[PDB]
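S.K.: Handing you a structure now.
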Ligand SMILES: *[C@@H]1O[C@H](CO)[C@@H](O)[C@H](O)[C@H]1NC(C)=O
Ligand SMILES: *[C@@H]1O[C@H](CO)[C@@H](O)[C@H](O)[C@H]1NC(C)=O
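Chains as they are written, first to last, in PDB author numbering: chain A, 52 to 152; chain B, 203 to 252; chain C, 1 to 504; chain D, 1 to 132; chain E, 1 to 132; chain F, 1 to 75; chain G, 1 to 75; chain H, 1 to 107; chain I, 1 to 107.
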């Protein structure tokens, strides 16, 4: 009769990723998936120019927000002294065989 | 009792709360809200390509 | 053009003394090369590839264990044994267990117990080898001129264009010359042998992810290795790391699968460089290259041209880069044919006295008689300026102002040279050109000092460096002689500085 | 050759959602913006929206805000358009064609255009009929 | 003359192991790698593996590691290939031919090739039929 | 099975970002931080040890740093 | 992701054998052994550092042990 | 949103005629206009990118021009395989607008 | 494991014809290819080592060429004793791959 405090997931399963690409000095990017909590995000800054489809030069502030998922977690079940047991054994010397020990 | 897959072992609790992986605070109904999410999936940027 | 706002571009002004400029290409940046004549060319490194591979050791992870045999002997009846030990797929340890009448047979005491488990593997690294032959560096040559908004887009005809060339150098045939029809033919003597000190680096494949690691790292990993024999029961040596034989307090001994160690090896790889595969080609995306550079056969293609008549109109808002130039994209209606672009950078309407150093030497339109589009790249002076075209009534004039002064660019070039010394030191001195008893002797002294530095300070992480640097900077204020304290303080400053320039 | 090929015609109920596929051939799939354009039979063309097959970002017109969703599949090189909250006005033919200047992520107008601006790869189109 | 001569055809049961011999004549036996190559009747050729008759080292393909073993006999100048875990797919004709620049061991890839890379010596081949 | 060759021993210093550099330049420090949060009494113990060595009042701090960085990692 | 809580910090001392005790009581020593095999020059460097501290000829060996066990582990 | 008016609604001409189409945007789209002909329910035939340029594979009887906001498409010689619905397309500011259409009929 | 495609599958020609065979590897095998003809169930006849070289004893009607990855075998004059199954063989990286085959038939 043990209860479950914090678990941990030691594997990951990524998908779907996401992306932004807001040209420099055109603000911060939306990506609706980052509003939802299944997705993970680290907004980074990217140097851009005439190649990457921008008029001005500098950093663009994208973040791919990819969908975290889990497989094979590990559980951290907790115990208190309740619902515990020992099963001790008593075996008085007395007179027994060799097969009865 | 730390349980990974069909094998179990005792764990001191300060060690247990000091692990940096996701948290899954209560239980397992459906897929949960995974906390802290940063020990796992790692994404970075080099040469300003993706 | 192929070096536009890449933020690691380095352009060298001047190649004086015999048209021979050496350059340190790398994948992380690009080099713009310009001179008094012989138009500005952008030289790069893009893809280090390696073709053929050789399989060094393989390391298992996810082990499957069965058949688990076990045999014990009465406490003086010899060592334990079972036929399964003659199979050499199986893992065996011999512990001492108790024994009594309540254990089975014996006198009393402690007798040997072996337990044996089948060992079979599912995930493994192939661990291929890199030799300093067998590789080809791809270098993209790009000439500033008749080209607009390029930098990638349509490369197959863009290679056929006179502005670009691909140069696949290799240590089989280094020192290659690429044709630029009308511009000339640019030669380059690269040294692909001394690039990254290969044959110390093994290519390493986990599942679909691929790293370049050190061989002195890769031998020392305590996982079960395979070798090279690609035959049946791959005989995994070790196989003792990945299992663990755990007994009771005295009695029965069980085996333990220690489980998939794939993420632990990922956390152990904190310091390798990524790579990719194309079929069999290990594509490396990192790395550098030293290269002498023959600018002997370059023509400007546009000396004997006229100057364009009118309809200059520039279209896309002159666009300052990182520190760089102003990159103005212009459009020529009404022109007749291959006429030159008059462009300059003047302070005001006083003799127009041009003070710019435009870097796009001799800019030339194709013909089009229509909307043809040019790129222009001009250094302006650090005060107020005007980008000016000089030809025509209401010619086209645009105002300009910079940010920062001359000493700011001096400190910025100082920290660029500082990063040039931090990465790839012992060939940073061969980024600049001709050196007789200055650059060669500085490179030699830096060679001795960096060789001694790498010999006595290897195994230096970032945090290690910071600790030892702070320890030696404290000792720099200590005891005596003003010299060993100065050597200690200089060496600690070098340590702290090479720690800061990597991560920052 | 360079070609976009779509799914067959679909018949859906009002209030449901339809999904139209758009598979690429003959070019690098992550190099051209896929634009979706509707056409009613008694009307001309109308631009629905745009996805980048790299990174899966979207944008669309004002007449479809919240009704359209565009997903990708880089493995099969396919573009999915899911139109939700269907009405009798949505009975149309849907097209998808590629926008040459796909460097990074979804916009790119003041840079270059044309040369199948979009024209050439849309293929057969997809009739979508919303009724009972 | 320079010739490799094999054993006769064999009929084996599935799950058993077959042994095919390959005896040399006309050349120094420890100077040429013996390559074993299978051929199904409804299929082309397929390289099984390689032994060096000097030192008896082996290598083979990915489709047969663990299933094939190659031994030598320097006295009788003979090469034995034992294929274990036979199935109905192994009903084929087995070949064994040289390939020079066979100085030390293993393979010898980047050094020279050709001139009976393994063309000449083959002889009559060995039909191996796995059934009941 | 303890995969002891941390490749930071032989890291490559090239102009790209490395495999885990962003998460590498904090990890040993926050490991020591979590260890001294979980074992605060060893700070007083290491102070009493390090005060007995050196007799210099500036070597004491050096022995403190030495012991308090031995105890999380090489322990 | 660096799973920094080594549970040897909080090991249990009960009469059974532990989870990895047999492979635990050698691992830090052979890690230091492999590190000083791969980086032999840091021994001479650490000798030149540690000779400058302490001035006691028995504290020198203590600083040697301190530095040469810092450098593999918390490095 | 850049309302793009296409004149006229539909036309008819005989084989070998010259015909012109006008597209006027409400705002400045300077050279960002494109031209389609679409046969009904079929894969179309290609006319004009960038308001003045032909594509490879297109026969040279089609041409386009226009500088500020008014754009003129021109068929030099009408042929019986040129019956289609003719569209023009803005490129600027991206609520990308098409014209209403221009149908032709063989006389 | 380099995949070695052999084109075509089978051919037929009359006596005295010129015929060409193509082998394309997925990776660069630069001059490491060779060519077999195998009469069915027999000791074969020798064509080409090193993708361009004849062996002594081979009649000179056979030839081979190829530089990067595409390799062309060429029979100048077909003869009735040249009916066989034609194979090409990689040399590099050693999962040594053969082609599928090329059969001929006498007309
Ligand atoms: C064990 O005890 C049972 C009685 O519960 C008896 O029937 C059996 O014979 C005993 N076995 C041995 C080996 O002593
Ligand atoms: C892109 O392609 C078009 C036609 O396909 C070509 O005219 C143009 O030159 C290409 N771009 C560059 C920068 O070469």
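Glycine included, each C-beta is placed from N, C-alpha and C at the ideal position.
Quick one: what's residue 36 (chain E) bridged to in DSSP?
M.R.: In the DSSP output, where bridge partners are listed per residue, residue 36 (chain E) has E:49 and E:96.
S.K.: If residue 378 (chain C) and residue 345 (chain C) are in contact, beta carbons under 8 Å, what's the gap, nearest whole angstrom?
M.R.: With a Cβ gap of about 5 Å, residue 378 (chain C) and residue 345 (chain C) count as contacting.
S.K.: Who are the neighbours of residue 32 (chain H) on chain D, taking C-beta pairs under 7 Å?
M.R.: Going along chain D in sequence order, the residues near residue 32 (chain H) (Cβ under 7 Å) are 113.
S.K.: For residue 117 (chain D), name the three-state secondary structure that DSSP assigns.
M.R.: Coil, per DSSP.
S.K.: Quick one: using the 10 Å Cβ neighbour count with 16 as the cut-off for buried, is residue 96 (chain I) buried or exposed?
M.R.: With 16 or more Cβ atoms within 10 Å of its Cβ, residue 96 (chain I) is classed as buried.
S.K.: Throw me the rounded Cβ distance for the residue 60 (chain C) and residue 236 (chain C) pair, which I believe falls under 8 Å.
M.R.: Indeed, because the Cβ distance is near 6 Å, the residues count as touching under 8 Å.
S.K.: For residue 36 (chain E), go through chain I and note every residue whose CB falls closer than 7 Å to its CB, in chain order.
M.R.: The contacting residues do not exist; residue 36 (chain E) stays about 11 Å from chain I at best.
S.K.: Is residue 184 (chain C) near ligand 2, with its Cβ less than 7 Å from a heavy atom?
M.R.: Residue 184 (chain C): no, Cβ never under 7 Å from ligand 2.
S.K.: Alpha carbon to alpha carbon, how far is residue 394 (chain C) from residue 157 (chain C)?
M.R.: Spanning the two alpha carbons is a distance of roughly 37 Å.
S.K.: Rounded to whole angstroms, how far is the Cβ of residue 61 (chain D) from the Cβ of residue 106 (chain D), which I believe are closer than 8 Å?
M.R.: With 8 Å as the limit, residue 61 (chain D) and residue 106 (chain D) do not qualify as a contact, their Cβ atoms being about 14 Å apart.
S.K.: For residue 73 (chain A), I'd like the list of residues in its chain whose CB is within less than 8 Å of its CB, leaving aside the five on either flank, ordered along the chain.
M.R.: Only 79, 80, 111, 112 and 113 meet the Cβ criterion.
S.K.: Would you kindly report the start and end of the unbroken beta strand (DSSP E) that includes residue 87 (chain H)?
M.R.: Note, residue 87 (chain H): beta strand (DSSP E), 85-90.
S.K.: What are the residues in the region 53-80 of chain I lying within 7 Å of chain C by C-beta distance?
M.R.: Listed by position, the residues of the region 53-80 of chain I near chain C (Cβ gap below 7 Å) amount to none.
S.K.: Leaving out five residues on either side along the sequence, give the residues of the same chain with a beta carbon under 6 Å from the beta carbon of residue 198 (chain C).
M.R.: Result list for residue 198 (chain C): 130 and 132, in chain order.
S.K.: So, helix, strand or coil for residue 400 (chain C), using DSSP?
M.R.: Correct three-state label for residue 400 (chain C): strand.
S.K.: So residue 279 (chain C) packs on residue 48 (chain C), CB below 8 Å; how close in whole Å?
M.R.: Between residue 48 (chain C) and residue 279 (chain C) the Cβ distance is about 16 Å, and since that is not below 8 Å, they are no contact.
S.K.: Between the Cα of residue 85 (chain H) and the Cα atoms of H:28, H:31 and H:45, which residue gives the shortest distance?
M.R.: Among H:28, H:31 and H:45, the Cα nearest to that of residue 85 (chain H) belongs to H:45.
S.K.: Which word fits residue 62 (chain H), buried or exposed, when buried means at least 16 other C-beta atoms lie within 10 angstroms of its C-beta?
M.R.: When all chains shown are included, residue 62 (chain H) counts as buried.
S.K.: Assuming residue 323 (chain C) contacts residue 276 (chain C) under a Cβ cut-off of 8 Å, what Cβ separation, rounded to an integer in Å, is found between them?
M.R.: Contact doesn't hold; Cβ gap of about 32 Å is too wide.
S.K.: Going by C-alpha to C-alpha distance, which of D:100, D:10, D:42 and D:121 sits closest to residue 82 (chain D)?
M.R.: Here the closest residue by C-alpha is D:10.
S.K.: In chain order, what residues of the same chain have a beta carbon less than 7 Å from the beta carbon of residue 412 (chain C), not counting five sequence neighbours either side?
M.R.: The answer, listed in chain order, is 323.
S.K.: At a CB-CB cut-off below 8 Å, which residues of chain H make contact with residue 90 (chain D)?
M.R.: Residues of chain H passing the Cβ test: none, with the nearest at roughly 18 Å.
S.K.: Does any residue of chain A have a CB that is nearer than 8 Å to the CB of residue 43 (chain C)?
M.R.: Not an interface residue.
S.K.: Quick check on residue 222 (chain C) - is its C-beta less than 8 Å from some C-beta in chain F?
M.R.: It does: the Cβ of residue 222 (chain C) has a partner Cβ on chain F nearer than 8 Å.
S.K.: Does the CB of residue 105 (chain I) have a neighbour CB from chain E at under 8 Å?
M.R.: No, residue 105 (chain I) does not count as interfacial toward chain E.
S.K.: Could you have a look at residue 71 (chain H) and say whether DSSP puts it in helix, strand or coil?
M.R.: If DSSP states are grouped into helix, strand and coil, residue 71 (chain H) belongs with the strands.
S.K.: Is there at least one Cβ from chain A nearer than 8 Å to residue 226 (chain B)'s Cβ?
M.R.: Judged by the 8 Å Cβ criterion, residue 226 (chain B) is in contact with chain A.
S.K.: Determine, for residue 412 (chain C), whether the minimum Cβ-Cβ distance to residues of chain A falls below 8 Å.
M.R.: It does not; no Cβ of chain A falls within 8 Å.
S.K.: Short check: CB of residue 216 (chain C) to CB of residue 127 (chain C), under 8 Å?
M.R.: In this structure, residue 127 (chain C) does not lie closer than 8 Å to residue 216 (chain C) by Cβ.
S.K.: Taking only beta-carbon atoms, is residue 13 (chain F) less than 8 Å away from chain C?
M.R.: For residue 13 (chain F), the answer is yes, since a Cβ of chain C falls inside 8 Å of its Cβ.
S.K.: So, do the region 96-106 of chain D and the region 116-124 of chain D have three or more beta carbon pairs nearer to each other than 8 Å?
M.R.: With the cut-off at 8 Å, the region 96-106 of chain D and the region 116-124 of chain D touch.
S.K.: Contact defined as beta carbons within less than 8 Å: I believe residue 499 (chain C) pairs with residue 466 (chain C). What is the distance between those atoms, to the nearest angstrom?
M.R.: Rounded, the Cβ-Cβ distance is 5 Å, consistent with contact.
S.K.: Since residue 17 (chain G) and residue 251 (chain C) are thought to touch, with beta carbons under 8 Å apart, how far apart are those beta carbons, to the nearest angstrom?
M.R.: Incorrect: roughly 12 Å between the Cβ atoms, too far for contact.
S.K.: If we call anything under 8 Å between Cβ atoms a contact, is residue 22 (chain D) one with residue 45 (chain D)?
M.R.: Going by C-beta atoms, residue 22 (chain D) is not nearer than 8 Å to residue 45 (chain D).
S.K.: Taking the beta carbon of residue 95 (chain C) as the centre, do at least 16 other beta carbons fall within 10 Å, making it buried, or is it exposed?
M.R.: Residue 95 (chain C) comes out buried.
S.K.: When you compare the region 11-25 of chain I with the region 70-77 of chain I, are there three or more beta-carbon pairs, one atom per stretch, that lie closer than 8 Å?
M.R.: These segments touch.
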